[PDB]
Structures are given as C-alpha cells and as structure tokens.
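Protein chains: 4
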Amino acid sequence: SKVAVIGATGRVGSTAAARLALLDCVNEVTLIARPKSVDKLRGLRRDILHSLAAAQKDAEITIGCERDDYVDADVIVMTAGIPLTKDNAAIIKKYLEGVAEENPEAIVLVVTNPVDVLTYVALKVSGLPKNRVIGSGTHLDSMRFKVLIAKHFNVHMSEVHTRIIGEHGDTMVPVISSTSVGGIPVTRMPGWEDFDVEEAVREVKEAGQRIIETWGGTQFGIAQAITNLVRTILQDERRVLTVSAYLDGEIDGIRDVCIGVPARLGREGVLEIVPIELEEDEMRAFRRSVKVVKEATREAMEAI
Amino acid sequence: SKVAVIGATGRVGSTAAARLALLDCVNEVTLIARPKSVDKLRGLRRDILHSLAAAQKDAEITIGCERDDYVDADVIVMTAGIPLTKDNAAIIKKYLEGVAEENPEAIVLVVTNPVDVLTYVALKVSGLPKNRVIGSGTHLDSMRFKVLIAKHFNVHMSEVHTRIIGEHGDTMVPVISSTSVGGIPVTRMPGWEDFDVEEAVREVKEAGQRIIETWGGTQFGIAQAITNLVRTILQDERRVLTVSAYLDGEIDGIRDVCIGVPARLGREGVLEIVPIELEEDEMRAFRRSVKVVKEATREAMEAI
Amino acid sequence: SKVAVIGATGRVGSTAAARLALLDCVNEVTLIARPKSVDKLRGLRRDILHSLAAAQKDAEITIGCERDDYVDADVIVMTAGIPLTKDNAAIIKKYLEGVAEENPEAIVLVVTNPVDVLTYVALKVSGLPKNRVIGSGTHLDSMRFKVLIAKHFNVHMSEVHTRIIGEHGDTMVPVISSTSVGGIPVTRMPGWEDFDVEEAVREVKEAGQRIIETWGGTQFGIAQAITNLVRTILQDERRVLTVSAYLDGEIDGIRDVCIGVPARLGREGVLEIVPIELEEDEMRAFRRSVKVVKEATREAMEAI
Amino acid sequence: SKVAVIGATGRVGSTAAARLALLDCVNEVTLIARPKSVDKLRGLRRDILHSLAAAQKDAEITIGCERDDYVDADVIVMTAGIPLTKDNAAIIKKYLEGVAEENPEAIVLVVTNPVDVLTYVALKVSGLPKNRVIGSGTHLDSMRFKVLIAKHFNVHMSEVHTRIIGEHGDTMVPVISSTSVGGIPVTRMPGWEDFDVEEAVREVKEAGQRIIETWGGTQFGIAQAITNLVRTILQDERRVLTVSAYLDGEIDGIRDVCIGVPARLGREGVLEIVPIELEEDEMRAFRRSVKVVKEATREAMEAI
Ligand SMILES: NC(=O)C1=CN([C@@H]2O[C@H](COP(=O)(O)OP(=O)(O)OC[C@H]3O[C@@H](n4cnc5c(N)ncnc54)[C@H](OP(=O)(O)O)[C@@H]3O)[C@@H](O)[C@H]2O)C=CC1
Ligand SMILES: NC(=O)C1=CN([C@@H]2O[C@H](COP(=O)(O)OP(=O)(O)OC[C@H]3O[C@@H](n4cnc5c(N)ncnc54)[C@H](OP(=O)(O)O)[C@@H]3O)[C@@H](O)[C@H]2O)C=CC1
Ligand SMILES: NC(=O)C1=CN([C@@H]2O[C@H](COP(=O)(O)OP(=O)(O)OC[C@H]3O[C@@H](n4cnc5c(N)ncnc54)[C@H](OP(=O)(O)O)[C@@H]3O)[C@@H](O)[C@H]2O)C=CC1
Ligand SMILES: NC(=O)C1=CN([C@@H]2O[C@H](COP(=O)(O)OP(=O)(O)OC[C@H]3O[C@@H](n4cnc5c(N)ncnc54)[C@H](OP(=O)(O)O)[C@@H]3O)[C@@H](O)[C@H]2O)C=CC1
Ligand SMILES: [Cl-]
Ligand SMILES: [Cl-]
Ligand SMILES: [Cl-]
Ligand SMILES: [Cl-]
Ligand SMILES: [Cl-]
Ligand SMILES: [Cl-]
Ligand SMILES: [K+]
Ligand SMILES: [K+]
Ligand SMILES: [K+]
Ligand SMILES: [K+]
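Residue numbers (our numbering), protein chains in the order written: chain A, 32 to 335; chain B, 32 to 335; chain C, 32 to 335; chain D, 32 to 335.
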C-alpha cells in the first residue's frame, strides 16, 4: 500500500508519517509539501529511515510537491493547514480538487480542522464516492473516553466499548445508551453512579485547548489515531469506528452533512453507517451539533 | 512465573504445556504425570524445547511425579482424567488435597470434566481461598459464540462481546441481554432477526460430542483457551471472562455452587463476580443449570 | 494464501495445520487424508476452528481427499508417511506426480523422512522447477544448535547465526567456519574453548531417537518449523535457512542431489543456494553425507 | 519500571518519551525540564496519554522539575543540552552529580552530544559503577550500516550482524572483520566486492549534518534507538550492542575513556565489554578515534 501525507513538514504530518512507515501494511510513504519546503522533507526522509532501521522495519520514503506525486496513492492523509474554516478550506481545494478524475479508487483521510466541515469540502471538490472520503473526527475523543471508563471499573481496555458522535468540538455527544463493559450496558453496571460523565466529557472537550496553549498542539495523540484509521482501512478490519462521514439519512433521516458517526470501516472506506438508536437527550444534542456543523459548512463552501 | 501441568502425557496436557511455554510470562513449565509415565515426559520435554528454539522463545521445562514437584507453582493446571464424575473426582483429591498448607498463594485451574463439579471438589479438598480456584468452564463456548455473531454482522471479532453462563454442557445459557456489537445491544442491531440463536447454540453444545466421536477429543481448542486464562491471570489483565467459580450470592442470591459465571480475573484469581442482571427466561435457564450442577456435586462429594 | 497439509490426521499433520492457521499470511488451510479418514478430519476441523476463536484469529479450514482439493494451493506440505524410503517413496509419487501440469506455480515442502531423499523424489515426479520443491531438512537441527551456542555465551538467540548442512541424520555437518556471535567468528569468541562441539552435535543428532522411544515421535518442534518455513516463503522474507534443495554445483561442484544447504528463501521458493566456503574437514564430512544421500536416492527411484 | 527523561521539552526528549511509554516493560515515564517549562510539560503529558489511549496501551506519566522527581528512577535518559562540549558538560554535572548517594542502582543513558565525552562526564560526577553509565554512541550508526548491507545482498535484516565502533563522529570505525551475513563472513560472501564500503560509511557519518541543515535535527531515529536500548536493559535481553562505555583495557589495553564499543547489555547495564579482535587497519583507526575522544574529554573535565 502507498500512503501520501500532505503537510509532512508540520507537527502532525511529520509524526504521522514516522509512525505510518512502521505499519507492515504500509510499503511506501510519500511526503508532500509546498515546493519551498522540499529541502525540509529531505531531512525528515532520512530521519524516518533511521527510525525504521532501529525498529527493523522496512518502507520506501519518497518526496514530492506536485499533484502527480500523490494522486495515485491508495490513501491520502490531509494534515496541511493553519492550526479558521475559510483559510483551511482553500488548502483542501488546492490539493484534492478533481482527484477522482485520475484515481477514482482513492481514499482521503482529512485531519485539518474543522475536520467535519473540511470532510464535506474535500468530498465535494474531489468528486470521489461518499464512502471513500472521511476524517478523523471524534475517533480519538471516543478512545480517551474509553480509557476513562475502563479505569473507573478497573477493567481491561478491550472490555469497554463507547463512542462520542457529532462534531469534533463543544457539541460532541457521548452515547451512554450504547456503552458496554463486557457486553453489559454500563447503566446496569455496579458503580456507574459514581462515574462523573459530565466531568469526564469536560476533560475530553478541553484537553485540546490546554494542549495548544502549553505544548502548541497535538502531535502524538492525533498521529497514533491516524495510524489506527489507516491500518483499519488497509487491512480491511471492518471495525466500527467513529469518523466524520457523509450522512444520507441513516440516523433519524438527517442527511447532507459530514459529522462524526459510527461507521464500519474496511478497504473500501465506509462500508456502511451504523444506524444507532439514540435516546431523547442524546438525539437532541446530536441535532444541535448537526445544525452547528451545517452552518459552518455553508460558510466554507461560499468561500470556495 | 511457574506453571505446572498435571496430566501432561494426555492430549490436553501435552498441547497446553507446549503453547504455555511460548508465553513471555511463563518462565518455567513443569510436566507432572504418574511415576510410570515419567519416561514419556522426557520425550515431550525435548519436543517442547525443540519448538521453543524454532519460535525463538525461552522456557525451562522440568519433570516430576510427586507433590513436591508442583505444589509450589504459581498456577497448577489439572488436565489429568478419564475423557464419569466419580472416577475423575478421586483424581482431583489425589493431587490437590491440602495444597493450601504448603502454598496458600497457589492458583488452581481445573480442566477435567465435569469442570464445574470438579472445581467445587478441588476448592473443598485444597483448602485454598474461593477466589484462587477456578475452571475453564464456558470460556471457550463464549469465544466461539463470539465468532459466530461477529461473522453474522461482518464485523471485527473485537467488536463483539457475548457470554455463555451456567454449566459447560446441555444446560448452558447464552446471555443476549448483555451481548453487544460496538457497544450497541445486539437486539437493537439491524439484522439481528436473521441470526438463528437456537441453531448457533446447538452448534456450541454439540461440537464437543462430534469432535470426540471423530477426532477423539478436543486438544487444540481447549489448550488455547487455557493459554488465554493463564496469560490473563499472570499478567493481571483484569478481563471479564466466563469461568467456573464459586458463587456466594452475587447472582440472585444463589450460593454454594461452582458454575460458569462472569468474573474479573487478575493475578489474584477471581477479583470479583460480576453481578449481571438476567431477564426472565435467562434466569429460569440459569436456575435449571444450577440445580443440575448441584446434584452432580452432591454425588461427587459423597464419592470422596 | 492457501496451504494444504497431506497427512493432517497424523501427529505432525494435525499439529502443523493448527499452528499454520494462526499465521496472518495464511487465509485458508486444507486438510487432506485418505478417503477413509474424512470423518476424523471433520473433527480436527472443528477443534482447530475452536483454537482460532480462542486466539481471536481467523482462517478458513477446508476438507478433502482428492487431488483437486490441493493442487491449486500455494504451498503443499507433505507430512503423510509411515513413521522406510521404499514405502514412503510410493506415497510421494501418488500425491505429487504431475502437479506442474495443473498448478506450475506450486511450492512443495517435504517433511516425510527420509526428508532429503523424498525431496528429490517429489521434485522428479512433480515436474516442478528445482526452486519450487524443498524440504525441512536441517532447519530445526540448526535452530537447536543455535540455542545451545547462545546459552553457552549467555547471549540473545538473535545474536547467534549457525547452521548444520548435509543429511538430516547421522552424517550431518556443523559449519563452525560460518558460525558467529554478534558478527564475531565463534572461534575468536571468548569462551569458545569451553564449548564441547562433539557433545552438542550428539544432543542434536540423537534427540530424534530419544523422543521416538519415549513420546512416540516429534510433534511440536517439527510443526513449529513448518510454520517458520511457510511464513518465510509467503511473506518473501529472504532469510538464509538450511533446507533440503537441489544442488547444481554451487558447493564444490556437487550436483544431482537434494540435501540440506543454505538457501535464501522467498515467495519464489529457493531464490539461490549460498555458495558457502567450507574448510577441509567440513568439506570431507559434506562429501561423505552427499555420498550416503545419493545412494539412498538411487534405491528410492528404483522403487518408483 | 520507571524511566525519567531529562529534557522532555526538546525534540529528542518529547519523541523518546512518547515511544518509551508504549513499551510494555515501562510502567511509568517521568518528564523532567527546567522549572520555567513545567506548563509545557503538562501539555506534553496530555498529548502522550492521548497516544496511549489510541494505541490501547497503558502507562503513568508524571511531571517534575527537581532532583527528587527522577533520582529513584530505574533508567535516566539525558536528552537535555544545547544542539558544545563545554556548555553541555555543565548541564550533565547539574543533574547527575551525586546520584549514587541516593539511588546507587540507577542506570544512566546519555544522549546529549558529544555523547562519548559526556558519558565520561556523567560517570565521574555521578559516582555510579562503570557498568551503570552508558551512552547511545554508535548504536544507531551500526543499525543503519546493517540495513545498507542487507539491501546490498537482498537479505533479511536479521541476517546481517555488523557494528561501527569508536567515536560517534568523523573518526568512527566500521568493523568488517566482525561483519557476517547468515554467519558467513561478509568478505567471503558473493557480491561483497560490489559493495562500496567508503560510500556507505560516508552516508552514515554525514547523514547527521544533512538532517540538521534541513529538518533541524534528528528526532525519530534517535528516539527509536533510545527505546531499543531501554527495552534491552529492562528485559535483560543480553544483546551485543555498540554503546559508549568505560574501557578498562579489554580492547588493546586502552583504558580511561568512554567510547562506542561492543557490550553485552542486561538489567545490570554493561555486563561485559566484548574483547573484539581488530585487524591492523581497523585497530589504527580505533586508536585515532580514542586519541580524539580522550583530548575532548580532558577539555570537558577542566570546564567542570
Ligand atoms: N485532529 C485534530 O484534532 C488535530 C488536527 N490538526 C490540524 O492539522 C492542521 C495543522 O496542524 P500542524 O501541522 O500542527 O500545523 P503546522 O503549522 O505545524 O503544520 C502546518 C502544515 O501545513 C502546511 N501549510 C500551511 N499553510 C499552507 C498553505 N497555504 N498551502 C500549503 N500547505 C500549507 C505547512 O507546510 P510549511 O512547512 O510550508 O508551512 C505544514 O506542512 C491544522 O488544521 C490543525 O487544526 C492538528 C492537530 C490536532
Ligand atoms: N475443557 C474441556 O471441555 C475438555 C476437557 N478435557 C478433560 O481432560 C481430561 C483428559 O482429557 P485427555 O487428556 O484428552 O484424556 P487422556 O486420556 O488423553 O489424558 C489422560 C491424562 O490423565 C492421566 N491419568 C489418567 N488416569 C489417571 C489416574 N488414575 N491417576 C493419575 N493420572 C491419570 C494420564 O496419565 P497416563 O499417561 O499415565 O494415562 C494423562 O495424563 C478429561 O477429564 C476430559 O474430560 C479434555 C478435553 C476437552
Ligand atoms: N524432521 C523431520 O523431517 C521429521 C519428519 N517426520 C516425519 O513425519 C511423518 C509422519 O510422522 P507422524 O505424522 O508422526 O506418523 P503418524 O503415523 O502419526 O501420521 C501418519 C500420517 O501419514 C498418513 N499415512 C500413513 N500411511 C499412508 C499411506 N500409505 N498413504 C497415505 N497417507 C498415509 C496418515 O494418514 P491416515 O491417518 O489416513 O493413515 C497420517 O496422517 C513420518 O514420515 C516422519 O518420519 C517426523 C519427525 C521428524
Ligand atoms: N545520536 C545522538 O547521540 C544525538 C544526540 N542528540 C542530542 O540531543 C540533544 C538535544 O537535541 P534537541 O532536543 O534536538 O535540542 P532541543 O533544543 O530541541 O531540546 C533541547 C532540550 O535541552 C533542554 N535544555 C536546553 N538548555 C538547557 C540548559 N541550559 N539546562 C538544562 N536543560 C536545557 C531543553 O529544555 P527547555 O525547553 O526547558 O530549554 C530541551 O528539552 C542535543 O544535545 C543533541 O546533540 C541529537 C541528535 C543525535
Ligand atoms: Cl471510535
Ligand atoms: Cl468469556
Ligand atoms: Cl500445538
Ligand atoms: Cl537454518
Ligand atoms: Cl513519534
Ligand atoms: Cl549495535
Ligand atoms: K512498513
Ligand atoms: K516463555
Ligand atoms: K490466519
Ligand atoms: K507501557
């Protein structure tokens, strides 16, 4: 498999490329940047190759700054952007416009924030099928919520299944109705009352801003999440993950929006959107999140 | 960690010892048999050591036929017996009686059938704490039910959590109320109606007899299951697994019986018994299974 | 990839199939036996599927008793035979004769003893390329010799590279000239004088007889070795292993014989035979072993 | 085990900590920086915990800016310094002076360049045993040289054993006399003549400058190397690696210097220094490198 990383000079692009070459299913990683940063990509290329030697893993690292260098990749990772919607939306247009004409079987993974809005932009400008364009969305938010619950019940992480749907932002929605420990609904689990869901969600929603103001931004957490998504797709693992995808009325008839939703992912991208049944309160928060994401998408498309 | 395998000359003992030495957490495996089969254990010792060399793994393989050779082990696996209750119950008495006096921190894993009944016998004769004596029970039955459901929904196996409680036999009880795919109750999952639970359970309950009449008995399936249980305990993984354990009124006030139940397992054995809430029908089948196991336990203890 | 195991009903066939289905690169394992053992193979199929469920791994297990069931396999493992040369030579002819006509891209690995002689038989009757027919040979013997050396120097096993070439029998030849620890020739390694080469070779060459008279035969060591060889080929790993291969004058001009030699192995079978340079004594032992293997092969071919 | 990283705010400290927490043998990672960078370390702690959640791995991440926060660690990694010898020598003294008084069983790995010189400084100021203070040295340089050789012969990387001893700089010395492929001396290996040793050494020694002028510095290669060394020590793997260690006359009677040499590494640090035998030319280059490292170390000690 060949994976291109656009924005490899950045904090997220460099880290994600380094850990992506360690995957056995990734035979080639192509580093893409603007023409004025190709020299920087040469240094990163040797750095990554040195790390592969240390790990006794193999991968071909290439560099490019043109459309022909990454359009034929199996998976294209979009990590380039300013760390709002207006500026990053143009960058998506520059790189992904018309990709379907050349490689109609491409899969695009969008990391640039706003991830939900820019997934819609990428799908529209690219012309690819709706199942082949996705974004990281709330995947990492769901994973960290999973750890918090597991520690509360003092169980192995694999025992906890949970999810955060909606926008990768303040309008995210934890789905308690579909949270389980060992298959047991968490509501019926002893000790659930002592778990402060509201406090835990606040940790999830605010950790992004705290990391930015102190460290500068997320590099390792997001890069590992991208590794999870790419490995799942390229190995056709068919896991139900929470990614930003185009809704076409599978959940409450809500359609024409890209937002974090449960999706069974494989080599063909989004095989299907799981039609989860939400409770009253969860549905109300989900609808509020969808309305917020749709208005932002309106602004982005106008800027394009 | 040191693990002793009593009955290493048999189909289950030999296979389980071979795969147990491959675990990184298993530094020594002691092969225990009757004095008239020590010579056979010498051949098996070199065979296993040859396999470790092929796998580039390390482990010390010892042999013994006396109490002093295995009483100080961290985990003792009881695979010796005829492949009913009366004959195998005496064998449990011979090897495990009084083990608490010498090593009170021992953990006993019982595989000899009837596993549920013989777990009670082993706990009584050994004098160990009720949390340090367990049996394989319905762990493998739950794992195979897990695979059948995963293939039905065409999802990764890790997405499916399910369980079979009760006797390792005809009175086993699948717990649909605590079965989930991605955290979603399977009842709310689209396509659940097309899954034939009754047919699938019949496959689980009868595969044992079909294997016996054709191949002779289970060797690889059960041996791998034992590897799962021992790895979980020695690495303190704290997974919720289905093993035969002593109930003391955690489920519906049913007490004084050993039967397959959900249990969080760690280095200390059964940390706790998950107090699952069952539905009407599931509770009725569970009570029928408990009554059957209790009568069999009555016969066994009398024989001792 | 699909791997067929002829003789799956046996000790070596059953065990090798069980561990081969655990490899991620093996998607299907076909169990082949004589027609009067199909029912036994049904039980072995259910047992192995139980182990896969316990290990959370996936593979399709098929059953067959006809040529059409295994001729299209990528790798065919020959474990069927009496546990000599005359009787087993006929068995090889029955199964492998003309295989090139149907699947010319097949790879045959021969385990039935005499392994070197029957590797020659399989190549002749099959009509396959000389690089697509090999045998286990001295791979496991070299592996155990490697462990003994590593323990002597108290170093990690990966640090020791060594090999035993020639017949898988009494005429095997350890190659000290090409034995190294960390890249340092073992002769120059401190403590090499305290290593009793004669004692170590005695343990390796006789362990087969010791195991047979007590346990019955080699089961786990050989099964793991088959897993090693098949994984190496199917993943095109290009490791230098000691397998029985057809010599065409790469070592001292010796040709027209199958015997254990260093060979770089990949998806195309034997990519090349390493032209090792032997010392005087080592070469004389190699010629003695070749003489024994050639005479035995002549007798086998006469039996047809 | 607990591993402390001094300089976690830097490119090497942050990256090394992120990959060190992924090791199963590392239960705690402590991030150490100057007091004015504690807030930045808080963000790095949250980011790394996010990566652990994504990777389904567990580890406790702590923060500190005082000696008491890291003196009781099992392994202390020194990545703090200006990216020469005079300024960095003071930094080493501040952190490691007197560490033996509090935790005499600590192991110090020095990464700050000049690595060889500062390894000597750390050993002197700490008062620790000569076997408990080491440096990264030429481990990564040897690893990349190993990959280049493997690609030339088109063999698996595990088949190549090689090392570069001496200074981690322009006076490094490749040891062809102790380079082997599959146990065969590389000089006797077919195709060795087509290998341009001078070209390969040029790539290894200069890649550091090439990376610095474009990317800024080494980040991923060195971070992975630290993970390699720490895992080797904490799991008592007994691998022969090339690290900066105190020579006491094991190689040509050269003593009173820290420089890259083959060393068998375990939980006790440097178990022993392999007394490699060098050829005429290789030994002369080794003496030249020792002369350079000794003069630089003299200058450093004067700076205190
Ligand atoms: N999923 C999440 O929650 C997270 C998402 N992100 C998103 O990733 C994006 C960048 O993150 P980060 O990499 O940390 O920011 P950086 O500034 O560190 O990296 C910026 C990248 O974008 C490229 N770039 C900037 N402007 C342009 C342009 N006009 N045309 C083409 N390429 C351009 C840069 O190339 P050059 O080297 O030439 O500048 C560089 O590769 C942001 O949108 C951020 O929100 C990041 C972290 C967390
Ligand atoms: N969990 C499950 O569902 C399964 C459980 N099992 C149970 O495992 C047990 C044996 O399985 P298997 O190993 O296939 O049967 P085998 O007969 O193949 O192995 C029998 C073992 O028991 C030992 N043994 C027999 N009689 C005595 C005795 N009187 N005193 C001491 N040791 C004795 C044998 O030693 P010697 O070599 O001297 O005979 C041998 O080690 C049975 O109880 C069977 O039900 C097995 C498969 C599946
Ligand atoms: N290092 C090595 O290379 C080693 C190789 N081996 C070899 O492995 C082979 C099998 O060992 P093992 O499996 O223990 O012996 P088993 O008798 O236990 O297994 C015999 C297998 O051969 C099959 N078989 C027997 N006779 C015939 C026949 N006439 N035609 C076709 N198939 C037949 C049987 O099938 P059914 O049940 O239908 O008869 C069964 O699957 C032996 O040749 C042995 O030498 C073993 C150890 C070391
Ligand atoms: N193969 C090898 O051995 C290699 C080693 N290295 C070495 O790694 C070291 C760091 O490289 P890098 O991390 O990229 O450089 P950075 O400047 O990116 O990181 C510098 C680190 O040093 C700390 N630091 C700087 N000045 C002082 C001081 N006066 N007292 C205490 N701590 C201080 C900083 O902490 P703060 O943010 O608080 O200042 C920061 O954590 C360098 O010495 C470099 O030579 C690098 C490449 C190869
Ligand atoms: Cl998710
Ligand atoms: Cl279970
Ligand atoms: Cl096995
Ligand atoms: Cl080999
Ligand atoms: Cl990283
Ligand atoms: Cl090294
Ligand atoms: K790779
Ligand atoms: K082990
Ligand atoms: K498989
Ligand atoms: K860890």
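Cβ atoms here follow ideal geometry from the backbone N, Cα and C, with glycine treated the same way.
{"Asked": "Straight-line gap, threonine 218 (chain A) to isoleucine 207 (chain A) (C-alpha atoms, nearest Å)", "Found": "8 Å"}
{"Asked": "Proximity of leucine 149 (chain D) and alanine 120 (chain D) at Cβ, strictly below 9 Å", "Found": "yes"}
{"Asked": "Beta-carbon proximity of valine 301 (chain D) to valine 261 (chain D), cut-off 9 Å", "Found": "no"}
{"Asked": "Contact the region 316 to 334 of chain B vs the region 190 to 208 of chain B: 3+ CB pairs below 8 Å", "Found": "yes"}
{"Asked": "Under 7 Å, CB to nearest heavy atom of ligand 12: contacting residues", "Found": "B:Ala52, B:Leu53, B:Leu54, B:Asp55, B:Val57, B:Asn58, B:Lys88, B:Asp89, B:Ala90"}
{"Asked": "Boundaries (first-last residue) of the beta strand (DSSP E) holding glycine 158 (chain A)", "Found": "Taken as a continuous stretch (DSSP letters only), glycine 158 (chain A) belongs to no beta strand (DSSP E), as it is neither H nor E."}
{"Asked": "Interface flag, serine 167 (chain B) vs chain A, CB-CB below 9 Å", "Found": "no"}
{"Asked": "Validate contact between the region 100 to 120 of chain C and the region 277 to 286 of chain B using beta carbons, cut 8 Å, 3 pairs", "Found": "no"}
{"Asked": "contact_flag[the region 58 to 65 of chain D, the region 129 to 142 of chain D] where n(CB pairs < 8 Å) is 3 or more", "Found": "no"}
{"Asked": "Per-residue burial, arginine 315 (chain A) [other beta carbons within 10 Å of its own, 16 or more giving buried]", "Found": "exposed"}
{"Asked": "Residue-chain proximity (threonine 61 (chain C), chain D), Cβ-Cβ < 9 Å", "Found": "no"}
{"Asked": "Burial state of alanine 334 (chain C), where buried means 16 or more other Cβ atoms lie within 10 Å", "Found": "exposed"}
{"Asked": "Buried versus exposed call for residue 336 (chain C) [16 or more other C-beta atoms within 10 Å across all chains shown]", "Found": "Given a span of 32 to 335 for chain C in the structure shown, any question on residue 336 (chain C) remains unanswerable."}
{"Asked": "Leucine 62 (chain D) CB to nearest heavy atom of ligand 14 below 8 Å", "Found": "no"}
{"Asked": "Opposing strand residues paired with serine 211 (chain C) [DSSP bridges]", "Found": "C:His192, C:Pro216"}
{"Asked": "With 16 other Cβ atoms within 10 Å as the buried cut-off, status of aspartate 105 (chain B)", "Found": "buried"}
{"Asked": "Below-9 Å beta-carbon distance, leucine 83 (chain C) vs any chain B residue", "Found": "yes"}
{"Asked": "DSSP three-state assignment for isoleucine 113 (chain B), whether helix, strand or coil", "Found": "coil"}
{"Asked": "Backbone CA spacing between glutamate 330 (chain C) and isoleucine 242 (chain C) [nearest angstrom]", "Found": "28 Å"}
{"Asked": "Same chain, Cβ closer than 6 Å to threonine 46 (chain C), five either side skipped, listed in chain order", "Found": "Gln250, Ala254"}
{"Asked": "Beta-bridge partners of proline 66 (chain D), as assigned by DSSP", "Found": "The partner list for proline 66 (chain D) (beta bridge, DSSP) is empty, contrary to what the question assumes."}
{"Asked": "Through-space distance from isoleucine 107 (chain C) to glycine 129 (chain C), alpha-carbon basis", "Found": "14 Å"}
{"Asked": "Proximity test, Cβ basis, 9 Å: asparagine 259 (chain C) and chain B", "Found": "yes"}
{"Asked": "The region 36 to 45 of chain D contacting the region 71 to 83 of chain D, beta-carbon criterion three pairs below 8 Å", "Found": "yes"}
{"Asked": "Any chain B beta carbon closer than 9 Å to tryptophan 223 (chain C)", "Found": "no"}
{"Asked": "Whole runs of the beta strand (DSSP E) within the region 159 to 189 of chain C, excluding any shorter than 3 residues", "Found": "164 to 166"}
{"Asked": "Local Cβ density within 10 Å of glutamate 230 (chain A), reported as buried at 16 or more and exposed below that", "Found": "exposed"}
{"Asked": "Backbone secondary structure at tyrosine 126 (chain C) - three-state DSSP", "Found": "helix"}
{"Asked": "For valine 36 (chain D), three-class secondary structure by DSSP", "Found": "strand"}
{"Asked": "Simplified DSSP assignment, three categories, for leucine 140 (chain C)", "Found": "strand"}
{"Asked": "Anticipated Cβ contact below 8 Å, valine 271 (chain B) with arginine 298 (chain B), distance rounded", "Found": "No, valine 271 (chain B) and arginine 298 (chain B) are not in contact; Cβ-Cβ is about 16 Å, not under 8 Å."}
{"Asked": "Heavy atom of ligand 10 within 8 Å of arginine 194 (chain D) beta-carbon", "Found": "yes"}
{"Asked": "Distance cut-off 8 Å: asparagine 259 (chain D) Cβ against heavy atoms of ligand 4", "Found": "no"}
{"Asked": "Contact set between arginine 270 (chain B) and chain A, taken where Cβ atoms lie within less than 9 Å", "Found": "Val186, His187, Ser189, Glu190, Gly213"}
{"Asked": "Cβ-based burial, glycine 214 (chain A) [other Cβ within 10 Å; buried from 16]", "Found": "buried"}
{"Asked": "One or two residues paired with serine 82 (chain A) in a DSSP bridge", "Found": "Its beta-bridge partners do not exist; DSSP assigns none."}
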